[PDB]
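# Architecture and fold: a report
Residue-level listing of the chains:
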Amino acid sequence: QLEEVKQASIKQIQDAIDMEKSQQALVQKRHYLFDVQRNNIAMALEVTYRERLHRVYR
Amino acid sequence: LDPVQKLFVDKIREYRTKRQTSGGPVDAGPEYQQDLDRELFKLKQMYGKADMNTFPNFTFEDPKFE
């Protein structure tokens, strides 16, 4: 009697927990990525201006 | 520039005898001119080459993005 009830409880809260945790991640990671993606761009640009002043002046 | 007055009279006036003429500064000296022309071009070759009486303005660029 006792077994099947406890098996369903375990599986039930599991699919809950995992689904909300999976959800929380996809937002945050991607907000993540957006940080970086702009960054990786914009970085090289300033620099190129920067070094270019070097290069041409020399 | 330096000293002894009888010898230097021979030379110090001869510093400026050269300078005391300036179209061929009592001698520019054809040899001086020839090797000058050699070294001045050769110097130019030994240099960077982007004309030295011109301003190298800027350039622009666009970096790798995916």
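Listed as the method for this PDB entry is cryo-EM; the listed resolution is 6.7 Å.

Under the annotation held in the PDB entry, chain B carries the name ATP SYNTHASE-COUPLING FACTOR 6, MITOCHONDRIAL and is attributed to Bos taurus. Its PDB record names the entry "Bovine mitochondrial ATP synthase state 1b". One UniProt comment on chain B, placed under Sequence similarities, says "Belongs to the eukaryotic ATPase subunit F6 family."

Looking up chain A in the PDB entry gives the name ATP SYNTHASE F(0) COMPLEX SUBUNIT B1, MITOCHONDRIAL, with the organism given as Bos taurus.

### Overview of the overall build of chain B
The secondary structure content of chain B amounts to two helices and zero strands. Relative to the globule expectation of 11 Å for 66 residues, the C-alpha radius of gyration of chain B, 23 Å, shows a markedly less compact shape. Dimensions of chain B along its principal axes, counting C-alpha atoms only, are 80 × 25 × 20 Å.

### Structural notes on the overall build of chain A
Secondary structure summary: chain A contains one helix and zero strands in total. Its C-alpha atoms give chain A a radius of gyration of 25 Å, clearly above 10 Å, the size a compact globule of 58 residues would have. Structurally, chain A occupies a C-alpha span of about 85 × 15 × 5 Å along its principal axes.

### Some details on unusual backbone geometry
The backbone phi angle of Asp27 of chain B is positive, close to 80 degrees, even though this residue is not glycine. Along the chain, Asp27 of chain B turns up in the loop between helix 1 (5-19) and helix 2 (30-46).

About the thresholds
- Residues numbered from 1 in each chain as written, not as in the entry; some residues may be left out.
- Chains lettered and ligands numbered in written order.
- Part of a larger assembly, values for the part shown.
- Heavy atoms only, no water.
- Residues with missing side-chain atoms left out of burial classes, pairs and counts.
- UniProt positions renumbered as here; feature names shortened; annotations may be inferred.
- Helix = DSSP H or I, 4+ residues; strand = E, 2+ residues; numbered from the N terminus.
- Rg over C-alpha atoms; globule rule 2.2 N^0.38 Å.

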